[PDB]
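Okay, here we've got a single chain as structure tokens, the form deposited in one PDB entry, with questions on binding and movement later.
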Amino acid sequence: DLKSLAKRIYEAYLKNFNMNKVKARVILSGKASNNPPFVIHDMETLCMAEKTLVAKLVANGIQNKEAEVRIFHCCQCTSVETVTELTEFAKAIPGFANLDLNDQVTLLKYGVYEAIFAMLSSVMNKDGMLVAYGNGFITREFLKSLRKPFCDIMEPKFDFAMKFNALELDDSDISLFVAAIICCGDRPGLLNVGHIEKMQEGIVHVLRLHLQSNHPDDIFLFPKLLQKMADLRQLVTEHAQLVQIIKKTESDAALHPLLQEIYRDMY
């Protein structure tokens, strides 16, 4: 029964996310054959990568804009796609589809970015992150090179990811972790907190059992992951504040309407 739950969540994860850790680590390891990632480490390579990966935009003249504005809009596009995937994943979580329609929206509103930065670790190593469906690799140092405030976007997530990747979780662990993130009983605005906590309790229960079987060498792995969930909520809170800064101080860098709605009245 509980392994049913764990397998259903794992299978929904493998099915709904176009990029997962095993596939990411292959690309990140320099392995693979055709269509390897284009490395984006300075202005020259960013322009080259854009001419191949976003041809229509280049024809619209985006390369007249600041590199920081293109990178930010690239980030937004990835976020919209990942929110779409997480929304479908959550539907595959047992019990979620039975919740009130307003509570589903609320759980995903507060959960998506915590889950996003958790799973972002999977496509990060100490030197950069995968982008563009595995076809680009943008270096950590190039991102640090951007003018403020855009140089402050990615680095706190690199810092989180290096410590998160140190736990050596696999997709079977991560799928349960993300399920636990979404089914969070203390989100603001929740109508039926009681059903969500019962849903949360069952998922975390399976997580605890799964980590017991999958990581018998890490005595405190379960409470370490509880702490990472708190760490992610703080990271998202801070991230929403930097995005709000960029929204008002930085013109040319408008916010997408799906993401705008996520941050509205969030924190």
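So that the term is clear: the rigid core is the largest set of C-alpha atoms that superpose within 1.5 Å between two forms. Residue numbers here begin at 1 and follow the sequence given.
- With 90 to 98 and 137 to 145 as candidates, the stretch whose CA atoms show the greater average offset from this form in 9 other deposited structures of this protein after a core fit is 90 to 98.
- Stretch 128 to 136 is the one, of 128 to 136 and 112 to 120, whose CA positions lie farther from the shown form in 9 other deposited structures of this protein once all structures are superposed by the rigid core.
- Coordinates for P36 are present in every one of the other compared entries of this protein that model residues on both sides of it, well short of the third needed to count it as often missing.
- Among the other PDB entries of this protein that were compared and that flank it with modelled residues, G61 is left unmodelled in a third or more.
- Taking only CA atoms, the mean B-factor in the PDB entry is higher for 94 to 102 than for the other of 166 to 174 and 94 to 102.
- In this entry, the higher average B-factor at the C-alpha atoms falls on 148 to 156, of the pair 112 to 120 and 148 to 156.
- When the C-alpha B-factors of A230, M48, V54, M199 are read from the PDB record, the largest value belongs to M199.
- Taking the deposited Cα B-factors for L226, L207, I27, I40, the highest one is held by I27.
- Among all modelled residues in this chain, the alpha-carbon of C74 has a temperature factor (C-alpha) in the middle third.
- Ranked by C-alpha B-factor against the other modelled residues of its chain, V236 falls in the middle third.
- Placement of the Cα temperature factor of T87 within the chain: middle third of the modelled residues, per the deposited record.
- Sort the chain's modelled residues by C-alpha temperature factor and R140 lands in the lowest third, per the entry.
- Among the modelled residues of its chain, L190 has a C-alpha B-factor that falls in the highest third, as given in the PDB entry.
There is also a form deposited with a partner chain bound; it is not shown, and the following applies to it.
- Proximity to its partner chain in the bound PDB entry, taken as a non-hydrogen atom within 4.5 angstroms, holds for one residue of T84, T139, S145, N192, which is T84.
- With the partner omitted from this view, the residue of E197, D152, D127, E88 that lies near its partner chain in the bound PDB entry is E88 [heavy atom within 4.5 Å].
- Proximity to its partner chain in the bound PDB entry holds for none of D1, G95 and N98, with the criterion being a heavy atom within 4.5 Å.
- At a distance threshold of 4.5 angstroms between non-hydrogen atoms, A254 is out of contact with its partner chain in the bound PDB entry.
- Looking at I245, you'd find every heavy atom of it more than 4.5 angstroms from its partner chain in the bound PDB entry.
- When contacts are judged by a 4.5 Å heavy atom cut-off, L108 counts as touching its partner chain in the bound PDB entry.
- In the bound PDB entry, at least one heavy atom of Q104 sits within 4.5 Å of a heavy atom of its partner chain.
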